[PDB]
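Provide a 3D model corresponding to the input given below.
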Amino acid sequence: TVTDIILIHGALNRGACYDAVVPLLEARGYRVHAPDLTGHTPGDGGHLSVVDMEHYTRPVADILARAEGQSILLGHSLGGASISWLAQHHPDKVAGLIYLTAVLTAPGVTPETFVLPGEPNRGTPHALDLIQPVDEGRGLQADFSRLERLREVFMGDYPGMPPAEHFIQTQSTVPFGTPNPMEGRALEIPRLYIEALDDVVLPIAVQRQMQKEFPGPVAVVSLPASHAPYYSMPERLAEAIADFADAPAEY
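Residues are numbered from 1 along each chain as shown. Take a look at the structure below.
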């Protein structure tokens, strides 16, 4: 019933951040996709090209259109804003949702709620510190004056640093501001949160607060990783993802 698995990158990243994981999930028998979202492919126009969420997430909807059967959507970090948007518009094609230390927001809630300071257990101040606005506020871009700080905060799971194909220079602020449209049929999709216990970008406190605030049950697996478990434990990550695709309703 589930033939496809679609891994979606977070902010300032590209599809290829998942290179360690894609072969591991194809061995489990799945067709695996890790597409660039709109604006995340050098030469496509970058952040200002992204009109809205439908536009941003189109490469995934394109994939889901041609999937033989049902698909699993994994979002990482800000990627969860996309998988929740897609769920609501393609609930007929999605069989499972994986939030990998990802933004899980209740219907009608924007990811801004948990990135900005607030109560209870709201805020991602390491990220806000190292990620900076550009283009009169319509782009985010990392603070390259503090490269070692950038590495220990965002890429410390990598054994060694990652390749240039994993990243873009400027991020659209569109996904940060769009509320979760999930309603009715889409709230029945099984949900799985994969916690990253040692993340300092998205602290475990904020991870758990978003789980507690989403309406309805959310399954949980925990990993002893920081912000990028697809770097430091691709095998354990793949295993969790595939055991969930094998039976999302049960798991």
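
from residue 221, how far off is residue 197?
Distance, residue 197 to residue 221, by Cβ to Cβ, to the nearest Å: 11 Å. C-beta: built from backbone N, CA, C; applies to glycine.

can you map out the strands along the stretch 101-250 of the chain?
With strands called from DSSP state E, counting those that start in this stretch, the stretch 101-250 of the chain shows them at 131-134, 139-142, 171-172, 191-196, 219-223.

could you dump these to TSV with distance to residue 73?
Converted to TSV, these look like this (distance: least, Cβ to Cβ, whole Å):
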stretch	distance to residue 73
strand 131-134	24
strand 139-142	23
strand 171-172	19
strand 191-196	10
strand 219-223	15
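
who has more neighbours, residue 197 and residue 221?
Of the pair residue 197 and residue 221, residue 221 is the one with more neighbours under other Cβ atoms under 10 Å, namely 18 against 13.

so what's the more buried one bridging to?
residue 194 (DSSP bridges).

please enumerate the helices of the stretch 1-150 of the chain.
Secondary structure of the stretch 1-150 of the chain (DSSP state H, counting those that start in this stretch): helices at 22-27, 53-56, 58-66, 79-89, 112-115, 125-130, 147-154.

contact partners of the fourth one?
Residues lying outside helix 79-89 but in contact with it, judged by Cβ atoms under 8 Å, 6 or more residues apart in numbering, are 8-10, 37, 53-54, 56-57, 60-61, 64, 73-75, 94, 97-100, 102-105, 111, 175-176, 178, 180-183, 186, 189.

from those, which would you call buried?
Buried members of these, counted by 16 or more other Cβ atoms under 10 Å: 8-10, 37, 53, 56-57, 60, 64, 73-75, 94, 97-100, 102-105, 111, 175-176, 178, 180, 182, 186, 189.

just give the number of residues close to residue 50.
The burial count for residue 50: 22, using other Cβ under 10 Å.

I misspoke; the intended subject was residue 20.
Neighbours around residue 20, by other Cβ under 10 Å: 17.

look up how far residue 93 lies from the residue lying closest to it once chain neighbours are set aside.
Take residue 20 and drop its neighbours on the chain: the residue closest to it by Cβ to Cβ, 6 or more residues apart in numbering is residue 234, 3.7 Å away. Distance of residue 234 to residue 93, computed by Cβ to Cβ: 26 Å.
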